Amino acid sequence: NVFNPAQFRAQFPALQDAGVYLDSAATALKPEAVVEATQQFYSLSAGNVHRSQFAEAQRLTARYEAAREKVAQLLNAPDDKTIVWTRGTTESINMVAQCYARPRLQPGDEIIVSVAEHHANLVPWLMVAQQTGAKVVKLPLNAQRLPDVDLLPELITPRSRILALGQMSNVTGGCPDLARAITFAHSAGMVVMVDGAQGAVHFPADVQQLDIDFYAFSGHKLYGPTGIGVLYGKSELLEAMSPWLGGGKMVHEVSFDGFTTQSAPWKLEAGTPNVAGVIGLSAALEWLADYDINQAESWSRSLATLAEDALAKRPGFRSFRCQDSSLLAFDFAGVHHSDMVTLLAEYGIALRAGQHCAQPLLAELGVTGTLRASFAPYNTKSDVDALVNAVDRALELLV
């Protein structure tokens, strides 16, 4: 099933106006299928009567009912009841911290968190640690700028309960030895929260093969709607979790004496779902299933490598890129990041700078922020040339 970059590119209506779009790691452009499924959803009754668009209404209902399974197929989850709808990776992780960890954490218990984590997979652990008297323990980087998994046997103690580890950094694009980390973690009776916001896009985790306890990601990074995300959990852990928000749909019986709940996933989904989000994400995954993602990722990484090798020929260049990622974090010594971002946009290159919600990682790397060009399968060789030329022009003006 051969990947064809031009066919892929052709599905994105934003592209002609977008210029050279290298900001996909912050959020992805949307394929036509997502745009149209969403338009149809808001242009049709959600009731049981359809006087004139019945056929289309049935297709939307089918999209909605198949959504969990499409996520399950992405992750190789054992069944679609292990998929919980959230509003994003951030909510997913907060739910694990509050619904799984909090009722189990004892004062003195330890939560090991990688120094490479996005704030989404750090602040919730700081919060629950304060709530329970538990403590957060730093998992540092090795000399290769990856979380030092080989150090885990030294950091694990009888008090360790939780490991929080990103599948893939949104700064370096680095992927730690997740399989080995889980083995150490499970040897000590710990559960692992895997942040897959970037991994789900580039190399979606086989959660059965890796024996992942919890996995989170966001739809809007996966060519999909805003306001929608996923929490995968093993059935036994979802069953063990306390309820998240209270309200309709998650409850079974309610009285002024108390309440009982549905089982998972529904236990964890109070209120009207973001139905537009679920349908659009369903459409994105259904569209995406026509493409070989390994081939699509190799294309992206190749472009990032051509970009990195060309930029390294310019003086002052510094790269924070790991493992030939699609993500290319860099800066030029002596040049202000925001000046470079602005000039690049004016020359038609869309990317960004800043701290990328990763202050502790940037402090270890010894910088205040980085530029990041992220390449996606709708990018081209021309896009690389345009990035390089735009950087040359920026440097002329700023240096």
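We number the residues from 1 along the sequence you see.
The mean Cα B-factor in the deposited entry runs higher for 176-184 than for the other of 297-305 and 176-184. For the pair 355-363 and 51-59, the record assigns the higher mean C-alpha temperature factor to 51-59. Annotation for 315, 271, 224, 166: 315 ranks highest, by Cα B-factor. Out of 38, 374, 370, 342, it is 342 whose C-alpha atom has the highest B-factor in the PDB entry.
Compared with the other modelled residues of the chain, the Cα B-factor recorded for residue 84 ranks in the lowest third. Sorting the modelled residues of the chain by their CA temperature factor places residue 336 in the middle third. Ranked by C-alpha B-factor against the other modelled residues of its chain, residue 195 falls in the lowest third. For residue 94, the recorded CA temperature factor ranks within the lowest third of the chain's modelled residues.
Sort the chain's modelled residues by C-alpha temperature factor and residue 189 lands in the highest third, per the entry.
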